[PDB]
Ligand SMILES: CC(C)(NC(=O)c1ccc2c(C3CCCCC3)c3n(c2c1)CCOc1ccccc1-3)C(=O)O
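Form deposited without the ligand, single chain, as structure tokens, below.
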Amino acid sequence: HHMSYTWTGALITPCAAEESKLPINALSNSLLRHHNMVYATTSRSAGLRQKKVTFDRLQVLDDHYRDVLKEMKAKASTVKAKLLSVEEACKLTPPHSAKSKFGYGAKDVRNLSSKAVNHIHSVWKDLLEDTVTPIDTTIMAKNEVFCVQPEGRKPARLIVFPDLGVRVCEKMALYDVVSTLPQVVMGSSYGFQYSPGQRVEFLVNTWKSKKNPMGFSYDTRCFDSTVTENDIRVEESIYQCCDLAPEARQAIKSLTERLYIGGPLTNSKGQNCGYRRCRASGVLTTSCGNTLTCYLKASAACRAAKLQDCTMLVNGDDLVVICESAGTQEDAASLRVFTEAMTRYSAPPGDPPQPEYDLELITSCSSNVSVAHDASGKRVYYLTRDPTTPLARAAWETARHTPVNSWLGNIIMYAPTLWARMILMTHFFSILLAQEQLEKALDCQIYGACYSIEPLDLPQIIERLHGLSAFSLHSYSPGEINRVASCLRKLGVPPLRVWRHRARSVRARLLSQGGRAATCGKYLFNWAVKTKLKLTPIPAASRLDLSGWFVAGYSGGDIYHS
């Protein structure tokens, strides 16, 4: 058999006490009242996840697959990639990354302390000398926050990661490769090269370039678990097409054989849990690996399905295709052939794909294009999403300090949206004012990479990424207004009129502070007043070093870009 996992029966175990019910404080009810709708996943559901992820994989690889692969390799051959030094690798480690089993932590790595650096060197030397010994990994259950959807509870996802010293070695060999190769191989199809605005631009331009557009998202069931040894050796052979240092070629070969293809799973108590023969969800190449493999299989499946003039957009396991419609019947037939092809390549669907004839109704990366109007009254497309999970996570973060602040990532990514502006900005600026913590930098994630960001820099960060229009958008679409309102009903969030009222208060309190706080008041909350201020380009915006921001995806990859 080619089983994704085999298990010993040892349990997947927590590192600390786990909360599942929403923590409540004095601030909780101002945001939401239906507390029993919000939950965190815990290891107590890890057994259920183990069932879902454990299955046999069969792969039948045809001429389309090999044709597409040869093309990808030809493009990869044009990539030149560099080895990172120990220090450069060390500075990309998040301050709160999991510590080494070998008696040093993430801060020791970042400070380049001699015990960390000595060990990292010993790990590197071992990778070069040994290309066969399976590398130990830790299996953990992720604690993530959701809203119940009987339309109730998701089991915890799994995180599989090697030791801190190995992770730093992965950066040395592969950070430059994973940061640059995917855009070269996939071109405009590589989703992580785009800001939310550029993503929208790509999708709308792509949609308009078809005579009769049809689009679909493809949901692979348990994508990580569908990735086979072959898939992972095919990824490596793509990596080796690059112009690389001989030490990097050797480390990539080694990491592939010893880590990427598979390895033993160890719980937090040090017990052997079993064996993985699929994608590790917590390695540097998780995102890039998933993007390459998804694109390969999808492109091949498009050829199999004889889809006409198709354009793909791929972010890891997330896939959207836009092509030329052949009528509703023929399109449905094409999708079943596409799905059959993907299934043959070991990427069977969860939800079967369905043709869509309205761009706004296509969800990909949990997002969709929507329409609003700017200052001049012109129609503007922008990226939004269903606000349920952002608001459930916000409710959690209202009562709990967490290492990654999702509200802040969401404000950054969804700044032009009705719900991020009216609810998230209003709510969190209100708390930060009260606590006098406006100037305190908070950690957040964009495309999997960690950033340290000061909420006082939101106006200029937003201007740089979204333009000044993100502060002027009005007259959102009925479908969008209705989705937001239905979500507020579900969670028991105050209706929008209450938030407008609150934001005028938050705005005046910020203005009163003067300076950066007043800029936040001025720009972020101009929508809240009838008497509108003049929003001019912020001189600070042009000075922001926003390189590395929307270059690549690094989910699971232990990346810090501050």
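The term rigid core refers to the most C-alpha atoms you can superpose between the two forms while keeping them within 1.5 Å. Residue numbers run from 1 along the displayed sequence.
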**Fill in**
RMS over structures and residues, CA atoms, rigid core fit in 4 other deposited structures of this protein: 91-99 vs 390-398, larger is 91-99
**Prompt:** What stretch shows more C-alpha movement in 4 other deposited structures of this protein relative to this form, 82-90 or 163-171, after the core is superposed?
**Reply:** 82-90
**Request:** Check the residues of the deposited sequence separating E151 from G152 and report how many of them have no coordinates, as none, 1 to 3, 4 to 9, or 10 or more.
**Result:** 1 to 3
**Prompt:** Comparing 233-241 with 119-127, which stretch shows the greater average C-alpha B-factor in the deposited entry?
**Reply:** 119-127
**Asked** Once you work out the mean C-alpha B-factor for both 18-26 and 544-552 from the entry, which is higher?
**Response** 544-552
**Request:** Name the one of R400, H427, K73, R258 with the greatest CA B-factor according to the PDB entry.
**Result:** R400
**Prompt:** For the listed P196, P162, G191, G377, which has the peak Cα B-factor recorded in the PDB entry?
**Reply:** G377
**Message:** By the recorded C-alpha temperature factor, relative to the other modelled residues in its chain, which third is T41 in?
**Reply:** middle
**Message:** Test of reading the entry: by CA B factor among the chain's modelled residues, which third contains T54?
**Reply:** middle
**Fill in**
Of the three thirds of the chain ranked by Cα temperature factor, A518 occupies the highest
**Request:** Grab the CA temperature factor for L433 from the record and place it in the lowest, middle or highest third of its chain.
**Result:** highest
**Within-chain third of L535 by Cα B-factor, per the entry** = highest
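This next part talks about the form solved in complex with the ligand, which is not shown.
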**Asked** Is the site here open or blocked once the ligand, taken in the bound PDB entry, is overlaid via the site C-alphas (blocked: 3+ ligand atoms within 2.4 Å of backbone or C-beta atoms)?
**Response** blocked
**Message:** Among the candidate stretches 107-115, 425-433, 296-304, 162-170, which one is within 4.5 Å of the ligand in the bound PDB entry when only heavy atoms are counted?
**Reply:** 425-433
**4.5 Å heavy atom contact, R509 and the ligand in the bound PDB entry** = no
**Prompt:** So, in the bound PDB entry, is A395 in contact with the ligand at a 4.5 angstroms heavy atom limit?
**Reply:** yes
**Item:** Distance check, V38 to the ligand in the bound PDB entry, heavy atom within 4.5 Å
**Value:** yes
**Message:** Just checking whether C278 would be counted as a contact of the ligand in the bound PDB entry - the rule being heavy atoms within 4.5 angstroms.
**Reply:** no
**Message:** Under a 4.5 angstroms heavy atom criterion, identify the one residue in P355, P264, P213, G492 near the ligand in the bound PDB entry.
**Reply:** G492
**Request:** Could you check which residue among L174, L92, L391, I120 gets a heavy atom within 4.5 Å of the ligand in the bound PDB entry?
**Result:** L391
